[PDB]
Amino acid sequence: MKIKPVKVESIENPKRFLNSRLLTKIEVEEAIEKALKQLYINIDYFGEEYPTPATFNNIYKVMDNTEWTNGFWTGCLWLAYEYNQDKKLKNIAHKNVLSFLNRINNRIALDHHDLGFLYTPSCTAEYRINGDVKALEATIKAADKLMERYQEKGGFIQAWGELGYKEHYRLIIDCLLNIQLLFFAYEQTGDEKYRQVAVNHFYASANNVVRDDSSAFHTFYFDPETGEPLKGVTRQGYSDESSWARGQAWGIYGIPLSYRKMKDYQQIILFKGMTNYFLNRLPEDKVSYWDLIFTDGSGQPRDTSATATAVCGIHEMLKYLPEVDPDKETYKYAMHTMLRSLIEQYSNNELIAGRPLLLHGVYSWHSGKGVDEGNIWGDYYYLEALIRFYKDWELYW
């Protein structure tokens, strides 16, 4: 399948990245250890329950297993467990896994496309780590649940809402992270249908939700009768003309993740477009404002979760990017600079119950949800970035 041309911006003023110091083992180690101190404090705070999607005055509230974000908590626990092999972490994380198994068995709060966010960092994670059969069971059942939203007309996984209904007949860019679940199900079962849906969804996204200038729509609508693409909508950003930071980051990470399983060089080019766009709109400290139209002096809040996610994406793509790519070294230095800023300026220093790992995210600006607050996916991707740098990490995704 052909991907439409996108503008690939040159990485403007690349010395801003290349002149930086690479992160050392001790620097990353100390960041991991500081994060783990907070995680241990929070295991007692949350018990068998979960952080809310975002913090409130930098303190999480406690909730049950009914959001799109619960898996990110379990993911933090598994990442920590990989770092220190503490049976206590496995104990609580595996209890989360059993809760996720209960959730899919009873089809509780799962009529949406976020099955991957929920089940990948929780259940698939455990399967990677120790091959737990209930973790596998939950993962496959979750994959089947996700498959239920696939639309043959347009070849995409429909976002939450009424299935097949024109006014809801759309994909959202974050679904790029959720099709990884389907690639896993394909690998485990040999059932081609999983892979076909993932691949079709990828191209439907690439050709439509990614714009000609390499920026990202949040949502893209299709015609339920013909399957034709209709229009993109820039949801969650400041204005119609703006550039929501996390949407860009979902592309930056979702593309290389899918590339692992598809190996289409068009995906590397699409990555270069989206990543250069993101890099060019970073402020002085290389940490994205919540909308990329804002830079230093705007007085707008950052969205650190977008930057954490982009770091993971760049790290992933660099595993595959040819050595002869003239920007490969720039990308390496870029991800180091970005992660350094997160560690040194945005990571949590106050070790008290309910604090996040990472401060200054924005969940949903217009809805006033988690505005300049920690959030659980930002915490997760920050710790994933740390673990990525520190070891040869086997992806949950």
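Give the number of residues within segment 38-53 that are under 18 Å from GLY75 (Cβ atoms), more than 20 Å from the chain's Cα centre (by Cα) and assigned to a helix (DSSP H, G or I).
Selection size over segment 38-53: 7.
Out of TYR253, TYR238, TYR194, I need the residue that is in contact with a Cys (Cβ under 7 Å, 6 or more places away or on another chain) and among the hydroxyl-bearing types (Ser, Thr, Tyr). Which one? Reasoning before the result, please.
Numbers: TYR238 fails: in contact with a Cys (Cβ under 7 Å, 6 or more places away or on another chain); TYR194 fails: in contact with a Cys (Cβ under 7 Å, 6 or more places away or on another chain).
Just a single option satisfies the conditions, and that option is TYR253.
Can you list the helices (runs of 4 or more DSSP H) found entirely within segment 126-191 that contain at least 3 residues being of a type in the set (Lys, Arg)? If you could, list the steps in order and put the result at the bottom.
Numbers: elements: 133-147, 175-178, 180-189.
Of the helices (runs of 4 or more DSSP H) lying wholly inside segment 126-191, those with at least 3 residues that are of a type in the set (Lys, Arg) span 133-147.
Can you tell me which residue among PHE217, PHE222 is in contact (Cβ under 8 Å) with a residue 40 or more places away in the chain, among the aromatic types (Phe, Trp, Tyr), touching an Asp or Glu at 6+ places or on another chain (Cβ under 9 Å) and buried (at least 23 other Cβ atoms within 10 Å of the Cβ)?
The match here is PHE222.
Out of contact with any strand residue (DSSP E or B) (no Cβ under 7 Å at 6 or more places or on another chain) and either closer than 26 Å to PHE202 by Cβ or free of Cβ contacts under 8 Å to residues at least 24 places away in the same chain (or both): does that describe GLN266?
yes
What are the residues in segment 237-273 that are crowded, with 22+ Cβ neighbours inside 10 Å, assigned to a loop (DSSP other than H, G, I, E, B) and not hydroxyl-bearing (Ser, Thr, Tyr), if any?
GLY237
Do we find a residue being in contact with a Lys or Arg (Cβ under 6 Å, 6 or more places away or on another chain) and crowded, with 22+ Cβ neighbours inside 10 Å anywhere in segment 158-171?
Yes, the conditions are met somewhere in segment 158-171.
Going residue by residue through segment 101-108, is there one that turns out to be in a loop (DSSP other than H, G, I, E, B), over 27 Å from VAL371 (Cβ atoms), free of Cβ contacts under 8 Å to residues at least 60 places away in the same chain and touching a helix residue (DSSP H, G or I) at 6+ places or on another chain (Cβ under 9 Å)?
yes
Please go through segment 195-239 and pick out each residue that is within 20 Å of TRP365 (Cα to Cα) and more than 22 Å from the chain's Cα centre (by Cα).
The one that is within 20 Å of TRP365 (Cα to Cα) and more than 22 Å from the chain's Cα centre (by Cα): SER239.
Quick test for you: out of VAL97, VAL62, pick the one residue that is β-branched (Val, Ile, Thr) and assigned to a helix (DSSP H, G or I).
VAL97
Consider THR234 carefully, then state whether it is within 25 Å of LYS272 (Cα to Cα), of a type outside the set (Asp, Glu) and surrounded by fewer than 24 Cβ atoms within 10 Å (Cβ to Cβ).
yes
I'd like to know if segment 68-90 contains one or more residues that are more than 17 Å from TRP377 (Cβ to Cβ), in a helix (DSSP H, G or I), of a type in the set (S, T, N, Q) and free of Cβ contacts under 8 Å to residues at least 24 places away in the same chain. Reasoning before the result, please.
So in segment 68-90, the residues more than 17 Å from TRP377 (Cβ to Cβ) come out as 81-90.
Add one more test, that the residue is in a helix (DSSP H, G or I), and what stays is 81-84, 87-90.
Narrowing further to those that are of a type in the set (S, T, N, Q): 84.
Among the residues that remain, those that are also free of Cβ contacts under 8 Å to residues at least 24 places away in the same chain are: none.
Checked segment 68-90: no residue is more than 17 Å from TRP377 (Cβ to Cβ), in a helix (DSSP H, G or I), of a type in the set (S, T, N, Q) and free of Cβ contacts under 8 Å to residues at least 24 places away in the same chain.
Can you tell me which residue in segment 46-94 is nearest to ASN348 (Cα to Cα), limited to those that are exposed (fewer than 14 other Cβ atoms within 10 Å of the Cβ) and among the polar types (S, T, N, Q)?
Going through the qualifying residues, I end up with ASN57.
Any read-out appearing in this document is the output of simple, stated calculations on the displayed coordinates, not a laboratory observation. As a convention, Cβ positions derive from the backbone with ideal geometry for all residues, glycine included, and neighbour counts pool all protein chains shown.
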